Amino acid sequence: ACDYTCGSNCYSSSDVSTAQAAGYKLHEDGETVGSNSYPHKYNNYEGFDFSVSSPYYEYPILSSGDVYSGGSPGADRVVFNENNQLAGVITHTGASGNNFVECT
């Protein structure tokens, strides 16, 4: 079953964890990836009440199970922070425009 459902996409905790490890890794060395430069800051225009502290950084999570290294970032994101803590998993799918909704 799914630990996170982002629209059609099914993720296990192992998935979330692998994207989160890449994102904080790039984030530690001050390196980016893609034409949108992931990882980058997540502002929270949304207003989600994360259990975890600011500030946040987002990084694509791929439906393929592959870790993102460029190309289409897809619709799903993993939100973490300076402490390497999972804030949550969000998605543009089902969200109006470039808005985000949370993965269930």
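In case it trips you up, residue 1 is the first one in the sequence shown, and so on.
Visitor: If you average the CA temperature factors as listed in the entry, which stretch comes out higher, 5-13 or 19-27?
Guide: On average, C-alpha B-factors are higher across 5-13.
Visitor: Per the entry, where is the mean C-alpha temperature factor higher: 50-58 or 68-76?
Guide: Stretch with the higher mean C-alpha B-factor: 50-58.
Visitor: Going by the recorded CA B-factors, say which third of the chain residue 93 sits in, lowest, middle or highest.
Guide: As the PDB entry reports it, the C-alpha B-factor of residue 93 lands in the lowest third of its chain.
Visitor: With respect to C-alpha B-factor, does residue 37 fall in the lowest, middle or highest third of the chain as deposited?
Guide: As the PDB entry reports it, the C-alpha B-factor of residue 37 lands in the highest third of its chain.
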